[PDB]
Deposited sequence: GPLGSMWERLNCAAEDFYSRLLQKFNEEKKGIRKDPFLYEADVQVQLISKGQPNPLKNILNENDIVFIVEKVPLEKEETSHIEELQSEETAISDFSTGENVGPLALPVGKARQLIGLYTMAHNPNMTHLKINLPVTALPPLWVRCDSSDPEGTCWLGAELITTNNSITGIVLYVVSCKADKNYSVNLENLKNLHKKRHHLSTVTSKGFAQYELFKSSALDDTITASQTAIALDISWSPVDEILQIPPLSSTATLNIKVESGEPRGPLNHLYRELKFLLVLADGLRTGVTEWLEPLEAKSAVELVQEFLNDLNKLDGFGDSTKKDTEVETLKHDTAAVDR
């Protein structure tokens, strides 16, 4: 649209994004418009509320309300560069230092925004996220998340390296840890896994201790019920898909025979 051009600020790209997104947060706090809105014909945006499947649960302990942004049709990923623009709009739309031309009320913190990326980027980014930091009602900052994902025959990681890596990167002296493990109990609805989390972590691949917090995650029918539905559908459409009978005696014989028995006292 005006995005990427001189008319971007002029024609309010960010503000129109922030407004669109504010519709849904305000909308879904009631109506659940089972349609991910087309922001840019090729780009769609869903909100994730309630207890619906959250794609971020695969990689994060938090199960918050969240927008997911993706390429219009598994789900498809936008190029990293494009995702970064969208993360940009969302950031600016909430920035107090940014001149506003349409919006004339204080901006509300919106649900975090997350965007599916295709890697194809030196550092192989598969997700970009943005989350607001609010002091009271007043905003203040955003957290910008990068997610990368590698598949290999090997892997190397060190609990100390990650501890420091976090310390160096965010200038901190202490640091704590939270652990999570998932166990697939049953596959094939029909999928059951056990989620376990504890604090603190003292070992990579540590076996969750028994003081961990835990949950069970749960994601030819018999003939009588099947017959029930057959009757129900027939009644609805006028086309009854009768089942093969189980009995050699016909319906009438079985019934007459039933009746005979009840007359004999």
{"query": "Deposited positions lacking CA coordinates", "finding": "74 to 101, 217 to 226, 258 to 268, 315 to 339"}
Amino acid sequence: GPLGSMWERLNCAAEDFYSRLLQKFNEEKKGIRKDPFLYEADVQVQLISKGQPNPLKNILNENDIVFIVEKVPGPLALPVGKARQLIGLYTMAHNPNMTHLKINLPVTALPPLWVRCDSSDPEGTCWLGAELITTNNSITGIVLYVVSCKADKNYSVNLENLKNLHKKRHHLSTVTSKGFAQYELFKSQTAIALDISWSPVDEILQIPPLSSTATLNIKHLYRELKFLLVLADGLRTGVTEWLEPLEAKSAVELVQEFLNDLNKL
From here on, numbers count along this sequence of modelled residues.
item	value
130 to 138 set against 76 to 84, stretch whose average Cα temperature factor tops the other in the entry	130 to 138
Higher-B stretch (mean Cα B-factor, as the entry records it), 43 to 51 or 193 to 201	43 to 51
Highest recorded Cα temperature factor - choice among 181, 143, 113, 165	165
Highest recorded Cα temperature factor - choice among 104, 91, 154, 148	154
Relative C-alpha B-factor of residue 242, binned into the chain's lowest, middle or highest third	lowest
Lowest, middle or highest third - CA B-factor, residue 27	highest
Third of the chain's Cα B-factor distribution that residue 38 belongs to, per the entry	highest
Third of chain Cα B-factors occupied by residue 173	highest
Cα B factor band for residue 95 (lowest, middle or highest third within the chain)	middle
